[PDB]
Each structure stands twice: as C-alpha cells, then as structure tokens.
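Just follow the structure's listing: the first ligand is 1, and inside any ligand the first atom is 1. By convention in this document, chain letters (A, B, ...) are assigned in the order of the sequence lines, proteins followed by strands, and residues within each chain are numbered from 1.
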Number of protein chains: 4
Amino acid sequence: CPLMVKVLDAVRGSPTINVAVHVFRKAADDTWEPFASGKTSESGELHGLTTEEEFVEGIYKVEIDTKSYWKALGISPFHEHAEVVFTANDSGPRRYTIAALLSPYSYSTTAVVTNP
Amino acid sequence: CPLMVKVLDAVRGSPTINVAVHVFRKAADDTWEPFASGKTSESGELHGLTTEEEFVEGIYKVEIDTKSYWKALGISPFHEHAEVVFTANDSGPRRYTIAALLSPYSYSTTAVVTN
Amino acid sequence: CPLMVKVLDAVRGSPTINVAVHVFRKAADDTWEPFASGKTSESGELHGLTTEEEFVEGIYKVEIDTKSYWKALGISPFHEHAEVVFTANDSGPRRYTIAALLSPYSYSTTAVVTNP
Amino acid sequence: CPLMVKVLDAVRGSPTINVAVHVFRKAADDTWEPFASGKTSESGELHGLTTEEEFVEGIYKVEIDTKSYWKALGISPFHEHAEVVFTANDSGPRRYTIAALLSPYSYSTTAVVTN
Ligand SMILES: N[C@@H](Cc1cc(I)c(Oc2cc(I)c(O)c(I)c2)c(I)c1)C(=O)O
Ligand SMILES: N[C@@H](Cc1cc(I)c(Oc2cc(I)c(O)c(I)c2)c(I)c1)C(=O)O
C-alpha cells in the first residue's frame, strides 16, 4: 500500500463515504495517463490503489470528486474537485497518504510521507 | 493598527460578519485579563483593537465566538470558540493579522506578521 | 477509546512524535480541572486518554504543546499551543478524534465524531 | 476586479511575494486555455487579472506555482503547484478572491465570494 487517500467532511465532522478518486501519471509526452481510481470506504479511506511494482517514480495527480459529494448533500460547492499534483518516489520508494479536508468553499490537502 | 483580526466562513465562502472577538493579556498571576474586544465588520475584519503604545510584549489570547456564529446560521458546530494564544513582539513591534477560517467541525488560524 | 488525538507536521509531511497533550474538563465552579494527559506516539497518535465511564458529558479542553515541538526542531513558532474547546457527549456517548495539522505560523484542528 | 488571488506562507507568517499565478479557462474541446497571469505583490496579492466584460461564466483554473516558492526558500515541498478549479458566475457576476495558505507538505484554498 504505497498510496492511500483519506477524505473528511469539515461541516459534519465525519469521514466522506463513496467519494470518487482518480489518479493519473504524467506520460513521456507530457499528457496525463489514467493510473488508478476508486471510491472511499465508510472510514473515508481508499486503500489498494496500486502496488510497489506499479508505483514507479513520476509526477502523479490525484483528483477527488468533491463536487458530486457536496451536490448529493444538497450543497452547491465552489470547487469542481480537490486536486493534488506531486513527484513521487524520486529518492526511492515511499509510502504516501493524501488527506483532504473538505468544506463547500474551502479545502485543504496534506501529504504524510513515510519510509516503508 | 498593531493587531488586526480577519475571519472567513468556509461553508458560505464569505467574510464572517458580526462575530464577537475578545482579546486577553496574560497577567502576572497567570490569569487572562480582558484587553480588547469588538465585532467583525461586513468585511469580516476587526480593526482598532489596540494601539502601538498599549500593545507591549507579552502573551495574548484572541477568542473568537465561533459557536454563536454557527448558531445564527442554524448549523450545529463542534467547538465552543476558536482561541489563538501567542507571544507578541518577541523580536520587537510588528503588525499582526490573526486570520481564521471557520467550518462547523474545523477551523484554521494563521498569523500574518509584517514589519 | 472515546477520545483520540492525532497530530501531523505540515512542514515535514510526517506525524508529530512525542508532542505533549493535556485534556481538562470544566468543573461546576467554571474552572478547568485536569482530566488526562499523554504524548503522541511515532504514528502521531495518542490513544487511551480515557474510558467510556470516565468521559461523561461536559466541556473539555485539549491543549497540544506545539511550541515545544517547533522549538525542538529549531523553529520559533507563532502560537503557544493549539487548543480545542468543545462540548462532549451531550446527545449520548460519542467517539471523538481531534486531528491537528501544524505549521510554524498556522494550525488547523478538525473533529471526527462517530457513534460507537 | 472580478477576480483576486491572495497567497500566504504558513511557515514564515508572511504574504508570499513574487509567486507566479496562471489562470486558464476550459475551452470547448475541454483543454485549458491560458487566460491571465502575473506575480503576487509584496502583500501577496495579484489584482487586475481580468475585467468584468472578459470574465464570463465558465470553468476556470488558477494554478499557483508553489514549488518555485519553496525552492527559493530552500525547503523541499510536496506539491508541484496548488490548483483551484471552479465554475464561475453560476448565479451571476460576483467578486472572487481565491485565497491560498501554503506549507511545504500542505495547502488550503478558500474562495471568498462577495456581491
Ligand atoms: N484518521 C483520524 C481522523 C483524521 C486523520 C488525519 I491524518 C487527518 O488529517 C488532516 C488533514 C488535513 I488537509 C487537515 O487540515 C487536518 I486538521 C487533519 C484528519 I483532518 C483527520 C480518524 O478518523 O481516526
Ligand atoms: N482579505 C480577504 C482574503 C483573505 C482571506 C484569508 I482566509 C486570509 O488568511 C487566510 C487564513 C487561513 I487560517 C486560510 O486557510 C486561508 I486559505 C487564508 C487573508 I491575510 C486574506 C478576505 O478574507 O476577504
């Protein structure tokens, strides 16, 4: 589990359940190639996106579909998504947790990076 | 204005208007002595709390009554307030802006400290 | 485990290890009475502060000693501490996770509240 | 000024000065068309990006080059940038301030949307 995503709702104080998460990797030609995707569980976590073999060094993009989340709660939010773009594994393999904290007009994202 | 308070609402994307702010200074006996207070304006800002002459080095607390704000909006909040406690003018006099970003179950606070 | 505290360093992208956490409960006479204390583990978590029996409804204060943390890293931070003050268990027992995200001149705190 | 960008540094407690900001509008083919850009001022603010006449409804991206900022300071950052993507003027024309608070491993962004 080299890559995990954790998402929290700052309005309700609760994990964010069934939120779509897409991950992309920058290709040689500088386009984004689909890398992996999934939905958060009831703990607001998404595990198992990738493997140590698959998760090589590169620039990755994680886009969390915060708009669908807010809309399903009856709220028209400001952002289309929360996005995190980062260089991974450039000094060797690491483990990455991407945490996002969501409000209708604000979000924050944090990375927790550990050495396996 | 040595000390500036700016508050925003992360749910509505708006400044937080008319929220109470109390400033305390730590007294010798280690209790909080009320120092200054007011209400945020329509721009979410509270100016004129203190003066250069009055705002000496020491430890200060800024308490924002976030719970009354969420209560006015009909949204159940987690915190009783947001309080920011800091040592002032350690390296000399500066202009301080205490910014706070509010959500019902979360807040963040940031100090912007300039010349 | 009705009360857990989790603390992250936003400069280093890492859990915050050995940070002191004090919890107080407001007494009938409106003073703060020491309730519990501990230090974060290497996962930046502090478990076992209290029990369901002990953790009755009241107004609680969690103060995290962020100043000592930053100072031990050679940084002179803005805040004396990060504090969270909240009413607990007023609609029945809940489980509370208090997460704090720390930078030298900023912090955020979030509560995740679940129904056991 | 329909669109305002303000950036702060949570490590130093300061506005972030001279960081590059690029604004894009989503084109019909769904690629990002560069729209406006500049550098934040000494107050960390970028004004004058667009005008009322030019800033029509649509989907916009604001990209803040946070990685060059941390690089100038000698601090290893996590993100390549901070990017904020939003639908504009859904309910009509408004004044938008995109605020961002930066740390090496974390950022937050907030929209303040007024009359
Ligand atoms: N894991 C805990 C809850 C929890 C863990 C983390 I790690 C976390 O991380 C952040 C990220 C950002 I971005 C913030 O602004 C803040 I404050 C905390 C948050 I939130 C909540 C549990 O449910 O048991
Ligand atoms: N003057 C304008 C814009 C403004 C917003 C913030 I907000 C701010 O400070 C913060 C603090 C935190 I804490 C954040 O997470 C973020 I994102 C921005 C400052 I200086 C300026 C207004 O507020 O209308």
field: Polar contact flag, side-chain donor to acceptor under 3.5 angstrom, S103(C)-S103(D)
entry: yes

- prompt: Hey, are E57(C) and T87(C) close enough side-chain-wise for a donor-acceptor pair under 3.5 Å?
  reply: no

How far is [atom] from its nearest protein heavy atom, and which residue and atom is that?
atom: atom 14 (C) of ligand 2; answer: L101(D) CD2, 3.7 Å
atom: atom 3 (C) of ligand 2; answer: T97(D) CG2, 4.0 Å
atom: atom 18 (C) of ligand 1; answer: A99(C) CB, 3.9 Å

field: Flag if over 12 foreign heavy atoms under 6.0 Å of NZ, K71(C)
entry: yes

- request: Determine the minimum heavy-atom distance between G38(A) and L46(A), stating which atoms define it.
  value: C-CD2, 3.7 Å

message: Would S108(C) count as a contact residue for ligand 1, given that I'm defining contact as a non-hydrogen atom of the residue lying under 4.0 Å from a ligand atom?
response: yes

4.0 Å heavy-atom contact, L8(A) with ligand 1: yes

Under 4.0 Å from a heavy atom of [X]: which atoms of ligand 1 are those, numbered in the order shown and with their elements?
X: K6(C); answer: 5 (C), 6 (C), 7 (I)
X: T109(A); answer: 13 (I)
X: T110(A); answer: 11 (C), 12 (C), 13 (I)

field: side-chain hydrogen bond (donor to acceptor under 3.5 Å, both in side chains) assessment of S108(A) paired with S108(D)
entry: CA-CA 4 Å; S108(A) 77; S108(D) 89; 5.9 Å; no

query: So, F35(B) versus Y60(B), ring centres under 6.0 angstrom or not?
result: yes

query: In terms of atom number and element, which parts of ligand 2 are under 4.0 angstrom from non-hydrogen atoms of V112(D)?
result: 24 (O)

message: Treating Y69(B) as the side-chain partner and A20(B) as the backbone partner, does any N or O pair qualify as donor plus acceptor under 3.5 Å?
response: no

